[PDB]
Amino acid sequence: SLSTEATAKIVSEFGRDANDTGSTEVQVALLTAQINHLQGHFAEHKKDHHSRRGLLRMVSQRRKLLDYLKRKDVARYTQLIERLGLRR
RNA sequence: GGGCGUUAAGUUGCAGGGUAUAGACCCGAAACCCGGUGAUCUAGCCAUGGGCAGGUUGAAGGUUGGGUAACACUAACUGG
Ligand SMILES: [Mg+2]
Ligand SMILES: [Mg+2]
């Protein structure tokens, strides 16, 4: 999965600090990063269905976090998806 | 005894009757063989040139939008 240096880095970018490791914004950024990396993986390994079910979980899971955030603080939500360049 | 012979003059011209070989009384095939002449018609090919008013249909491809985690997909447009 994501590297410990690349994980720690995002938590810095989207968290209240280094240890704000479970905030919604952070969780959704980390999922985003791993989804986009894996875009590369399945480009070459289309037949890796098992791994894909794991990717699909990261997606459905990010979707639930984004909805919760939207419900609880739409302003925090808009920033977060624009910043992550999502929704189109 | 029997067969063929012995006891009939022939031959050379000339005219004629027939026959033979020859086109052989005249005309007439379809064809077979040999050597030439023809692709200015037409068949196919080769080189080099020319021609197809006007009106339709609107493939692939491309752009944008929506869409998808990403592809799929989908609309309009463009394209010809
Ligand atoms: Mg492992
Ligand atoms: Mg005599």
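Note on naming: letters A, B, ... go to the chains in the order of the sequence lines (proteins, then strands), and numbering restarts at 1 for each one.
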Contact list (N/O, under 3.5 angstrom) for nucleotides 72-77 of chain B vs protein:
none

- Query: Which pair of non-hydrogen atoms, one from A/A33 and one from A/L2, has the smallest distance, and what is that distance?
  - Reply: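 Minimum heavy-atom separation between A/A33 and A/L2: CB-CD2, 3.9 Å.
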- Item | Least distance between heavy atoms, A/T24 atom then A/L65 atom |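 The pair with the smallest heavy-atom distance is CG2-O, 3.8 Å.
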Which value, in whole Å, describes the distance between the [atom1] atoms of nucleotides [N] and [M]?
N: B/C34; M: B/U42; atom1: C1'; value: 29 Å
N: B/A43; M: B/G49; atom1: P; value: 24 Å
N: B/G62; M: B/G79; atom1: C1'; value: 7 Å
N: B/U19; M: B/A24; atom1: P; value: 13 Å
N: B/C25; M: B/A8; atom1: P; value: 43 Å
N: B/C27; M: B/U21; atom1: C1'; value: 24 Å
N: B/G55; M: B/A47; atom1: P; value: 36 Å
N: B/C26; M: B/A31; atom1: P; value: 25 Å

What's the [atom1]-[atom2] distance between [X] and [N], to the nearest Å?
X: A/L30; N: B/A69; atom1: CG; atom2: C1'; answer: 16 Å
X: A/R63; N: B/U68; atom1: CZ; atom2: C1'; answer: 13 Å
X: A/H49; N: B/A70; atom1: NE2; atom2: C1'; answer: 15 Å
X: A/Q39; N: B/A69; atom1: CD; atom2: P; answer: 10 Å
X: A/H41; N: B/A69; atom1: NE2; atom2: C1'; answer: 14 Å
X: A/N36; N: B/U68; atom1: CG; atom2: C1'; answer: 14 Å
X: A/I35; N: B/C71; atom1: CD1; atom2: P; answer: 14 Å
X: A/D48; N: B/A69; atom1: CG; atom2: P; answer: 19 Å

Judged by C1'-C2'-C3'-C4' (positive north, negative south), is the sugar of [N] north or south?
N: B/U40; result: south
N: B/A9; result: south
N: B/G61; result: north
N: B/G35; result: north
N: B/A72; result: north

- Message: Just to confirm, do B/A29 and B/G28, adjacent in the strand, meet the stacking rule in which the six-membered ring centres are under 5.5 angstrom apart and the planes are under 30°?
- Response: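 Ring centres or planes out of range, so no.
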- Query: What about B/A31 and B/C32, stacked or not, using centres under 5.5 Å and planes under 30°?
  - Reply: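 Yes, stacked.
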- Message: Treating A/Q27 as the side-chain partner and A/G22 as the backbone partner, does any N or O pair qualify as donor plus acceptor under 3.5 Å?
- Response: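 Between the backbone of A/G22 and the side chain of A/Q27 there is a qualifying donor-acceptor contact (under 3.5 Å).
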- Message: Would A/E13 and A/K9 count as a salt bridge (charged side-chain N to carboxylate O under 4.0 Å, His left out) here? Give the steps.
- Response: CA-CA 6 Å; A/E13 297 182 44; A/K9 181 189 146 32; 2.7 Å; yes
- Flag yes if more than 12 heavy atoms outside A/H45 fall under 6.0 Å of its NE2 atom; otherwise flag no.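 For A/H45, atom NE2 is crowded (more than 12 foreign heavy atoms under 6.0 Å).
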- Message: With a 4.0 Å cut-off on N to O distance, would you call A/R63 and A/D67 a salt bridge?
- Response: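 Yes, charged N to carboxylate O under 4.0 Å.
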- Checking all strands, does A/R57 fall into the base, sugar-phosphate, or nothing category for heavy-atom contacts under 4.0 angstrom?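 Nothing, no heavy atom under 4.0 Å.
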- Message: At 4.0 Å (heavy atoms only), tell me whether A/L55 reaches a base, stays on the sugar-phosphate, or touches nothing.
- Response: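 Touches a base.
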Straight-line distance of [X] [atom1] to [Y] [atom2], nearest 0.5 Å:
X: A/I10; Y: A/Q34; atom1: CD1; atom2: CD; value: 9.5 Å
X: A/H41; Y: A/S51; atom1: NE2; atom2: OG; value: 4.5 Å
X: A/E5; Y: A/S3; atom1: CD; atom2: OG; value: 6.0 Å
X: A/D48; Y: A/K46; atom1: CG; atom2: NZ; value: 12.0 Å
X: A/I35; Y: A/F42; atom1: CD1; atom2: CZ; value: 10.5 Å

- Message: Taking syn as a glycosidic torsion within 90° of 0 and anything else as anti, which one is B/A8?
- Response: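 In terms of base orientation relative to the sugar, B/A8 is syn.
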- A/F14 versus A/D20: any side-chain heavy-atom pair under 4.5 Å?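 No; the side chains remain at least 4.5 Å from each other.
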- Message: Can a side-chain donor-acceptor contact be found between A/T32 and A/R62 if the only test is distance below 3.5 angstrom?
- Response: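 Side-chain D/A pair, A/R62 to A/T32: present.
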- Distance-only polar pair, side chains of A/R83 and A/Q79, donor-acceptor under 3.5 Å: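 No donor-acceptor contact under 3.5 Å links the two side chains.
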- Strand contacts (RNA chain B) in residues 69-88 of chain A, 4.0 angstrom heavy-atom criterion: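 A/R88 - these, ordered by number, are the residues of the stretch whose heavy atoms sit under 4.0 Å from the strand.
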- Item | Under the 3.5 Å Watson-Crick or G-U criterion, the dot-bracket string of RNA chain B, with | for inter-strand pairs | ............................................................((((((......))))))..
